[PDB]
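The structure appears below as structure tokens.
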């Protein structure tokens, strides 16, 4: 038996799991039956950054568990999800607003991807600081036609006062980690719109390449068209938004390799094999979201092209 | 039953296995505790070409089984390995050198890849003809810090006189073969540094592409720092180097296709599907190695991104 | 954990004097003070600089 | 336990097996019932070298597996065989040639060795480049008598359109190997005509000596005599010639002994014990075969003098 | 390669994989010599081809 | 995808008038080793795409 030193790999490979859970009240008002609320639930900033009211305008809204994930060697988003809860419906009438139980708010999931990319209304804009209170309104309009959102979208839940909460989750299986901040990136997705790895593959070695089409369908809030004598009912909704994003993180190398002064020199170069930049960004100019891309996991994609391990390790020339 | 001719595929697919086993004495001298011996065990030339003493300077040092593999249609490196055996430790004192049992020589495997790329010492150079007697010395130095190699490297065996031999093997599972000489190439590896296939993928058909990160960690020889009144003990080591590389080779097409005169014309064009040039070369100017890249199989890479079949067959546009 | 490995050379120690193992000091385990390192700069392990980004940390074993 | 180095014998003794399979169409025309086609199936050049049409005239017709066997340390012919298949019989009438099913082509094996040595017809010659398309015609003639070949030869198969293919194999058990090219040699045979080892035994040591009478009988193609009003039917035949020769080969010495530069010096001298030159040559002047010797394994030779191991290791003084 | 669409950047594309191809099929006649030249051999046969398609319909709804 | 060759009728042209003969055969060759990677028409011959099935 030849004597050998302790293992430094075991502790560098141990995966730690954390989450960021944030809760919010949402007031949806002034939404006509043609326009819909766009749930930016495919954006990393939605889950781990609290943009509501004065917060998003004020200062650093990042959760402290995330600012810590940036002190880790690597972090990975894994599961992500949100819950719509405790719906309160109101009508504006003519103007004073009161409660009514009979209506419903329509939660729409766009699985067939009727809407590939979604823009704000003409005079409307989408502040990134307003993200969590769900104010992003899109008016779906054909050439002369005004689409009713609930009619095109595959999954439409009519959600009523007293109904149970609406839970929506998305699992991420990434073969790779992230070493930097998300920075108004979508949650990692392999789509027609976007890919999960952000690092440009460089030649003469293996790189991380996205694989298999894991994406999130567009989630949309809408109200049923109900006609008054003149025009439509103005239906309003309050509910509770609870989001959760579950991170995996991983620590620094054991030994002298992980010493602050010499880690700059001794940092592994093959971190590029498992450590990646965030893949695709939401389109942002100033603080305002230009459009939101969705790109669900397509049900008509071959089932063999859908499944685990969103990335593979693939050479480049 | 329609009559049909004999099968010519069976004999073209039969895989034959050979090895090249070479044995060598190694004398490591003048190695301070800061500098380390770099085992060029990731280089094809290390196993199948005998570079020692006058041989490497003299003439053709290739083993004859390899010169035959070049008469095959295809050959593939498969397993590769070396054995360090029968360690003899000596000290230089002041100058006359004598035997001492108590010290040890440190064999270091760099799994975490503290050292991505390794250069010779400033005045030192790395002759490619000196490869098998392990004289390649690297001085690991931080900005003001002189690294002790054993302290950063993950696996460090302290190997003593009388200890059993040190065996190190690397299996290669290649989905492809090679039709040419290695030519100062690393053994096929999928790394941050290097990829196993050398053929540039060309458009409008499938090409061989490296996959899954199979690489070899840096192997390093070092001595423990032991202080004299002035300076360090000068520790020297002899041992036996037995290397083995196990080749698979494959023969020519049966039938008229494999006739010398018409095989030039009738050589299959889809050889490009299973026949490849060697992927990545050691950096050589003149006869001297500029640097040695290692790129281990990374333990923090996803286990699903590590495993068999170092290549896949993938289209190009 | 923070695992650090080091070579130690004890020299010039008479039988009356002894080497004091500072193994009761936190700085001994999680900070690498050897050779030029301790003189050079920040010798703290990076897992510790992260523990300071945690809400709480505790030394245990 | 005394430590010892790895074994270099095991890999030098491993025997690898290959074959050369070649397929050919044969057109036998203008063969009278007195003359016969001589199947040069006892010639090495018949199996491993493709002499047909323009090939034999053009250039290098050797199969590439054979050019590789010459890069081996040793190679050995072992089994050899050919298949006659898919017979098509035609008649020339008066001149235009048409198909007829009723005749047959006679395949004759000369076991009793009626014909020891076989010469071409007076104006006919036997190009070595014409070997595989079976055009070598011999006219068997006694003093005043014209022999009908089928009548003297022991085994005569009357082979008809629609009959199954004619398979003929010959196994070789050689106690020795070959290090050079066959070079218009017969396949190794111990005969009245020929012996399998080509190396002249040299004095004061053991040499390889042929033993036991393994030989191949003369194979002959002929047509039955069928009389017209004036003369004979002119019967013609097409069939498919598939030949196969199965080689065993063996690789170079492991270790420094098998290094290109020093193998010239360190080549074993006792290769002369198992490595031999080819025994007996077909008689060739220019490109033309002078005669073909057959020398079957004689059925009236003692059965104890027939059997395995065509050679023994025998001293010389 | 089987896919004709040029892969475009910043998303996933369909890429061909695994080498499925069809060998060359060839019709030929055996060489059979006349007095001068070869037999001219001719052939009639019946060619029945079949290609089996899968198809898929349009999206339901509006 | 697939095709079937069926009911072979072999004839010879002789000298010119063409007649039936059973004894020959037509060779169907599948090139698995890909002796021929790419195949061109004969020099004076061309390959009309409208002639494909015969």
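Order of writing sets the chain letters: A, B, C, D, E and F. Residues in each chain are counted from 1.
The rule is short, and it goes like this: a residue touches a chain if its C-beta (ideal position, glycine included) is under 8 Å from a C-beta of that chain, and two chains touch if they have at least 3 such contacts.
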Q: Treat touching chains as neighbours and tell me the shortest step distance from chain A to chain D.
A: 2
Q | Most central chain, judged by mean C-alpha position against the global CA mean | A | B
Q | Chain of greatest Cα-centre distance to chain E | A | C
Q. Can you give the rotation angle that fits chain A onto its twin chain B by Cα atoms, in degrees and rounded to the nearest 5?
A. 120
**Q.** Gap in Å, rounded to a whole number, between the CA centres of chain E and chain C
**A.** 71
Q) How many angstrom lie between the CA centroids of chain C and chain F, rounded to a whole number? A) 84
Q: Let me have the rounded angstrom distance from the C-alpha centre of chain B over to the C-alpha centre of chain D, please.
A: 46
Q: Starting from the mean Cα coordinates of chain B and chain C, work out the distance between those two points in Å.
A: 37
Q: Provide the list of chain C residues touching at least two other chains, using ranges where the numbers run on.
A: 5, 37, 40-41
Q. Name the touching chain pairs, would you?
A. A-B, A-C, A-E, B-C, B-D, B-E, B-F, D-E, D-F, E-F
Q | Complex contacts: residues of chain E adjacent to chain F | A | 23-30, 32, 39-52
**Q.** Residue ranges of chain E in contact with chain A within the complex
**A.** 10-12, 56, 59, 61-62
Q: Going by the contact rule at the top, pick out the chain C residues touching chain B in the complex.
A: 5-7, 9, 11, 35-37, 39-41
Q) Which of the residues in chain D end up touching chain B in this complex? A) 3, 5-6, 8, 11, 14, 16, 18-23, 50, 55, 58-65, 67-68, 71-73, 83, 85-86, 240, 242, 244, 251-256, 258-263
Q.
With touch defined as at the start, can you tell me which chain B residues reach chain E in the complex?
A. 204-206, 270, 273, 312-317
